[PDB]
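**Q** For now just these chains, pulled out of the complex without moving them:
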Amino acid sequence: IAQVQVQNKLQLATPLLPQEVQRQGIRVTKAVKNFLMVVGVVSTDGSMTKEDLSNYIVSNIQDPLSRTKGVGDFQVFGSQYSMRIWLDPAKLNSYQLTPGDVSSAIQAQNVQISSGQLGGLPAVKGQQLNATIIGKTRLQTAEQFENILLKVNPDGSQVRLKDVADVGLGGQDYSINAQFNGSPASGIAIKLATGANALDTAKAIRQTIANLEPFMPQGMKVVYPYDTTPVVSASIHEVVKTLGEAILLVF
Amino acid sequence: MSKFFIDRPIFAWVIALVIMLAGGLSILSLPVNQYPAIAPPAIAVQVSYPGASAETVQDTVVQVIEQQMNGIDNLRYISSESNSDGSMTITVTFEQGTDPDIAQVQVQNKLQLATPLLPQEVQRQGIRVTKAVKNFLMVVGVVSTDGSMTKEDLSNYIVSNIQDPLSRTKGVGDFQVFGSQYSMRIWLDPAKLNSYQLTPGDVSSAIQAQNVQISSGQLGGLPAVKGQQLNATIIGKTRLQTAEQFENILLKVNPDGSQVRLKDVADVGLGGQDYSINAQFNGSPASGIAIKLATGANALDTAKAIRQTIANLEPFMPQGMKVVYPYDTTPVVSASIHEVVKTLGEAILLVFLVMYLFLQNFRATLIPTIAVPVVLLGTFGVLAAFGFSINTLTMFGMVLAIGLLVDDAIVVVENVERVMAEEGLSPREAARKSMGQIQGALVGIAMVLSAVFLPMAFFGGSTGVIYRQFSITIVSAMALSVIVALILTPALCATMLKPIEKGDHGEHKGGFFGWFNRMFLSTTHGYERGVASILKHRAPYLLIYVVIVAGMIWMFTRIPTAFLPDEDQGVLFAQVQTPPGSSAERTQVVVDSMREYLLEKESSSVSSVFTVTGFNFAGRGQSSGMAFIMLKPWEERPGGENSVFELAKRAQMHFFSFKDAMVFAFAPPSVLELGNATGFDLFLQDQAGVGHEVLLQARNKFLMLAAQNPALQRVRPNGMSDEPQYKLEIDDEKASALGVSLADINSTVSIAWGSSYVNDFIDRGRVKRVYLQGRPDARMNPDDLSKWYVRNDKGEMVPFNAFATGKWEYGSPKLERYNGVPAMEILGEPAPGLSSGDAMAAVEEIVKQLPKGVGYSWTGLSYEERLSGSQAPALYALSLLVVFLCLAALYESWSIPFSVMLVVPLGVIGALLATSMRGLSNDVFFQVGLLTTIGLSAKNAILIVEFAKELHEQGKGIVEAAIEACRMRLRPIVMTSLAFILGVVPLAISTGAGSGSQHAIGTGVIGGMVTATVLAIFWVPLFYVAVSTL
């Protein structure tokens, strides 16, 4: 009920936020203050850099580890890929262009639009053809992405995004990037959901990562650099064995 | 506890009156519906993003929503659906026990945290979040007989002026209508757009420039100038109402006065909103309402209120419009509670009859007719105390409970009358002696019956709820029957009985009753020497007992296991699939021919066909359709000639000859909430290997080996086969080299072919919306792309074939996901006569060949059935341990409870034999009938072994007392037995509403109880002497 109340008092205010923070995804979670455990991933062949095995956890490990029982909020050390368009003002002066023109071209030339149907309804009486018509799909690879047009004169001379900027896939924020035991690594810091225990949540996290284990590439382990469940399990076991020896001493 | 009230009866009588008064107050405030909340609470999210591809709506809506919901409570699994028609459906399925309101508001909140990331064309549609629980009370269907009104006119008429009185009535919850209201549909044409140098971007700008509210202020608004005396709420422009106000909006005008209206550019006129769906009822075009029931509300008087609302609205409808009721689960509930009231009356009158038949007096015969309705009314009160509702399940639990519910009062009045007969005491002290002899026995009945039914309540899932209803109802019946037979019945046996003197049984009476007394003591003192002969040498009879225990083991191993019995529900589903690349009229030619076959030659069974195209349980679009054919009631089709499970075969043997489309007919399950499968469900999701073609080859390999195994049968894909779809390739350098802007091309191809939501208008005081497309003869051909014109920057028209070449592709029209990765769903059925776990093992064996990167995940009912398969051989052994504890408590040893817990095999043997002879399955109804006949066998076994112990405590041997106790206690067994099968047999011999449930719940009970009596009354003192020689 507390999350629902702060959520409607947040949706009362979220259109008054700026336009670019509104397109980032606002998160409201029931997270307690401590880090429960950190599911870490380190590569053992050296072919994986920091950003690629952060991309792997964000794209494949994060969401099954986020639907599970008792995980409120994550904290991913790194992030996924996001293909960046590295402008430079020398070649941006070379063709008399502003970055607003580039930002309008890369909003007008990779869109996935409502196209309709080739035999859509209502049909003229006596029409027996149907096909889902396809407009432009969104651009996937970088060599397909370099062919974004920016300006072209009617005599046939054009400029491309490959001539203005140097495109390439990389992270979306290079601020945080961990490293485990010397090697390049990353991980996802898991916070516990409130009103729930820690051992069942940790066991569900272990079962989820063990279900996702047979699909990761070769040269990529899963390690646990930080967890607070073995201390509490050892404390419970120590008090149970203290009880089991105290009953024998009373006997 | 009973000796304290047998002296003073008025206090016990007003305790019973308080119980009956609380029950009578609870009767008029119980909610009542067909099925309780047994489905897992699933939440649907439906978007109607118009004119999209099958992967456009997916990669712009579904992944954006599914990667932003993170950390909702009690989440089990989520799904998706990205149809080619443009819709979307994700079904967030939660854990049991979660009330749907907070789960729905949490998925609402974590959806509206994601809705700014969704595109503008999606977030102007509005993202609807409703509860997906398929329990429809009644389906109000509106038709138009003459054919002058299409479906969208009927849907506007519904949403206009029959939705206003319907939702203001009591008890009606949330509901949906087929289709929606009108929309000012604006039909552009490309020749007139060429003729004026126009583009649909200019029309879409001028409409939303001349059809908006303008926030004008006030004439004298604050702050006022010093000396202001005037105030008037000024208003500016207003939303346009009619179509002759959209005809007079202007697109451009020169300063000479030469203008261009929306006339001679467009053809405005009110039409529908979603043209894809199209339903028709017996020929006439039809819309409808699907009314659900709100929580905590009666179904009968609210259905009558819906009937009364329609019957009070009917003098105002247009001519040619009937309101029909195709689907209505009001008479199912009504007949299912009416048969319970009839069998209550039959049970009390029939136990009155057998109580007068075996005992000669009338006053002692009258007392079950008082002592049974008090616990009958009070169990509704202490059923309302837990927050339940009158279901079908708890009413059949009541009917299971009646025959044992009467037995406590029967054995009380029998013991009082036989203590009256044998020694001749005054009634209060004779009933005092009887109650002092049944003191521990009645609380032993309470503890043993609670121990044998309460662990059955502790399952988890839909299985857990459908056992929990049964268990809590009959445990409430036990725990209230024991106290109303320990507290009430001796207090009235001390008052309203007739004394009998010493050594008399009524031998010189004459007539029929003297003959009955003579034959009854004749078979009694023949039974004396019979049990003496079978107990005098008892060695070759325990061998027969262990042979018949091998009989129950190798008789229960044989029969197959079922989840729910097959039911005559009343409906049949007939979903069709035309070959890919088919329009709507081919599907309609299949559908109306199927409809006229099911009405013309099948007038004996099918009452009406509410059929529909563009929709099935497989996947939406234009090349699909169904026929919700709905049978006649049970009182108009006698015999087994017109059942649903024969009408399906008689329809399918002709639907094999409809050679246009694969017409498929399947019966719904017992419960429609978790239904539509009758088997197992599986998603073949991919975790690592990326590619739609690889997963399509995986499903092809899986369907190749699925039809080869004999353990699998009728294995179909739930998705859709691939449609041949048409693509464009807009040559962007040749487009922008001619001079057109690519945003103008995107707006033209997004407004001309597919629709585009602009803004809202106001008609009849109601906000409706405005779409626009091209004409229904301006987008219908691949060569008709050469007719639309984008605008160059010089002011001249550029044709669309100058820079766009066509090419045909082959893609999927329905891409669905499962927990964030794409998948394809099957709908599997087990082999006829094989268990469901055997089919699950034989279908998880096939997954050992799929390519590297394609996983499997269970769903539907199999996710509960796989995880719930580890408690049933745990808590049954727990319940046997608890009943061993209770019988060690009552009988002061550790070996004498074996003389009771070796008797319930003799109760399960007859039930297994009676449900193996007439061909039934091992469903939940036979299992709870098995449990209640086990409970009745333990019920009379502990009383006969307790008198066998008591007569040995009197001071005689084992052999004399074991045949003394059965001699003294034969007649309550034949009272219980004769009244029991006379009360239960009219369930099995009859039919009607819920025939399969009654046949599954009656014949195992009578076959178990008759065999339990005829073996227990001969073998229980043999077990007692065999355990007492140790």
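**A** Alright, I've got the coordinates. Numbers count the residues shown, from 1 in each chain, chains lettered A, B, ... in the order given.
**Q** For residue A:2, list the residues it contacts.
**A** By Cβ atoms under 8 Å, 6 or more residues apart in numbering or on different chains, the contact set of residue A:2 is empty. To be clear about C-beta, it is placed using only N, CA and C from the backbone, and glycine gets the same treatment.
**Q** Can you give me the distance of it to chain B?
**A** Going from residue A:2 to chain B by Cβ to the nearest Cβ, to the nearest Å gives 12 Å.
**Q** distance of that residue from residue A:8?
**A** 11 Å (Cβ to Cβ, to the nearest Å).
**Q** Ok, residue A:173 next?
**A** 30 Å.
**Q** ditto for residue A:122
**A** For residue A:122 relative to residue A:8 (Cβ to Cβ), the value is 41 Å.
**Q** which of the two has more neighbours?
**A** residue A:122 (18 against 11; other Cβ atoms under 10 Å in any protein chain shown).
**Q** where does the nearest residue to that one once chain neighbours are set aside land in three-state SS?
**A** Computed as Cβ to Cβ, 6 or more residues apart in numbering or on different chains, the closest residue to residue A:122 that is not its neighbour in sequence is residue B:776, at 4.8 Å. For residue B:776, the assignment made with DSSP: H, G, I helix; E, B strand; the rest coil gives coil.
**Q** what about the residue of the stretch 51-200 of chain A at minimum distance from chain B, neighbour count?
**A** Ranking the residues of the stretch 51-200 of chain A by distance to chain B (Cβ to the nearest Cβ) places residue A:116 first, at 3.4 Å. For residue A:116, the neighbour count with other Cβ under 10 Å is 25.
**Q** Contact partners for it?
**A** Contacts of residue A:116 by Cβ under 8 Å, 6+ apart are A:133, B:51, B:753, B:754, B:755, B:773, B:779.
**Q** pretty sure the third one is in a helix, no?
**A** Right, residue B:753. No: counting by three-state DSSP, residue B:753 falls outside a helix, being coil.
**Q** Please report how far residue A:33 lies from chain B.
**A** If you measure residue A:33 against chain B using Cβ to the nearest Cβ, the figure is 16 Å.
**Q** include chain C too:
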Amino acid sequence: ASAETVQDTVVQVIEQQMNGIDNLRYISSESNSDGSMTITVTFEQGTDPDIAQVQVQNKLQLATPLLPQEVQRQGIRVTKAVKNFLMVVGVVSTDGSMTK
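**A** If we add chain C to the chains shown above, we get the following:
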């Protein structure tokens, strides 16, 4: 906007969708020439107000696809409302120099 267009735009739709909640007694509404509206749905006594607010803004959400775009941009404020004023706390200027 004026009162009748606010009524027939917003209030009729949410009035149509906010009946059928359990333990409901009467729903009533207002509109103004200023433009504001106030639906004041009143439950039967015996209901937890938290789950009542949960159900109210649960079945409020499927009116948003019917309401226009000048009201979706501002957000709907739901709250539990008693009718008494418990306390009015107000400042006052003893200098006489500063205005309202």
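**Q** Please reconsider the contacts of residue A:2 now that chain C is part of the model.
**A** By Cβ under 8 Å, 6+ apart, residue A:2 has no neighbours at all.
**Q** Oops, could you answer that again for residue A:54 instead?
**A** Residue A:54 makes contacts with A:76, A:77, A:78, A:79, A:80, A:171, A:177, A:186, as judged by Cβ under 8 Å, 6+ apart.
**Q** repeat that for 10 Å
**A** Counting by Cβ atoms under 10 Å, 6 or more residues apart in numbering or on different chains, residue A:54 touches A:41, A:48, A:76-81, A:171, A:176-178, A:184-188.
**Q** cool, and residue A:123?
**A** Counting by Cβ under 10 Å, 6+ apart, residue A:123 touches A:117, A:129, A:130, B:275, B:583, B:584, B:585, B:622, B:776, B:777, B:779, B:780.
**Q** can you rerun that using 8 Å?
**A** Taking Cβ under 8 Å, 6+ apart, one finds B:583, B:584, B:585, B:776, B:780 in contact with residue A:123.
**Q** what's the burial count for the residue of the stretch 51-200 of chain A found nearest chain C?
**A** Per Cβ to the nearest Cβ, residue A:195 is where the stretch 51-200 of chain A lies closest to chain C, at 15.4 Å. Around residue A:195 there are 10 other residues, counting by other Cβ under 10 Å.
**Q** How far off centre is stretch A:225-243?
**A** Centre-to-centre, stretch A:225-243 and its host chain are 34 Å apart (Cα atoms, centre = their mean, to the nearest Å).
**Q** related to what we said a few turns ago, restricting to the contacts of residue A:54, which residues neighbour chain C?
**A** Applying Cβ under 8 Å from any Cβ of the partner chain to the contacts of residue A:54, one finds that nothing falls near chain C.
**Q** Now which of those residues would you call buried?
**A** A:41, A:48, A:76-81, A:171, A:177-178, A:184-188 (16 or more other Cβ atoms under 10 Å in any protein chain shown).
**Q** Contact partners for the residue nearest the centre of chain A?
**A** Nearest to the geometric centre of chain A sits residue A:58, at 4.2 Å (Cα atoms, centre = their mean). When contacts are counted by Cβ under 8 Å, 6+ apart, residue A:58 is found next to A:76, A:78, A:79, A:80.
**Q** onto the same structure, chain D please:
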Amino acid sequence: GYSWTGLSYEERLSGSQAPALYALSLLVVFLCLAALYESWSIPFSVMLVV
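**A** Time to bring in chain D:
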């Protein structure tokens, strides 16, 4: 048509609710005095001295 609200609906509920209160409490006193003293004379005495 007219429909009461605010204070008026609550006091109309009181007016339609009071005789059930009188009859049900009178019957509960009747049941308790038939309960504890176990006669059918003195509960009629209290029910016609009320």
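**Q** now that chain D has been added, could you go back to the contacts of residue A:123?
**A** Counting by Cβ under 8 Å, 6+ apart, the residues that residue A:123 touches are B:583, B:584, B:585, B:776, B:780.
**Q** now do residue A:158
**A** By Cβ under 8 Å, 6+ apart, the contact set of residue A:158 is A:149, A:151, A:152, B:733, B:736, B:737.
**Q** Only the buried residues of stretch A:192-199, if you could.
**A** Quick answer for stretch A:192-199 (16+ other Cβ under 10 Å): A:192, A:193, A:198.
**Q** Ends of that stretch, what's the gap?
**A** 10 Å (Cα to Cα, to the nearest Å).
**Q** can you list the residues that contact that stretch?
**A** Taking Cβ under 8 Å, 6+ apart as the rule, stretch A:192-199 contacts A:30-32, A:34, A:36, A:69-72, A:201, A:228-229, A:232-233, B:71, B:73.
**Q** try 7 Å
**A** A:30, A:32, A:36, A:70, A:71, A:72, A:201, A:229, A:232, A:233, B:71 (Cβ atoms under 7 Å, 6 or more residues apart in numbering or on different chains).
**Q** List the beta-bridge partners for the fifth one.
**A** Each beta-bridge partner of residue A:71 is listed here: residue A:192, as defined by DSSP bridges.
**Q** what's near enough to touch it?
**A** So residue A:71 contacts A:65, A:190, A:193, A:201, B:71 (Cβ under 7 Å, 6+ apart).
**Q** With the second one instead?
**A** Residue A:32 makes contact with A:191, A:192, A:194 under the criterion Cβ under 7 Å, 6+ apart.
**Q** tell me which of the residues you listed is nearest to chain D?
**A** Nearest to chain D among those: residue A:194, at 39.7 Å, using Cβ to the nearest Cβ.
**Q** Now flag whichever of the contacts of stretch A:192-199 is closest to chain D.
**A** Checking those one by one against chain D (Cβ to the nearest Cβ), the nearest turns out to be residue A:30, at 39.0 Å.
**Q** Contacts only, for the closest one.
**A** Contacts of residue A:30 by Cβ under 7 Å, 6+ apart are A:3, A:72, A:193, A:194, B:71.
**Q** 10 Å instead?
**A** Residues counted as contacts of residue A:30 (Cβ under 10 Å, 6+ apart) are A:2, A:3, A:72, A:73, A:191, A:192, A:193, A:194, A:195, A:196, B:71, B:73.
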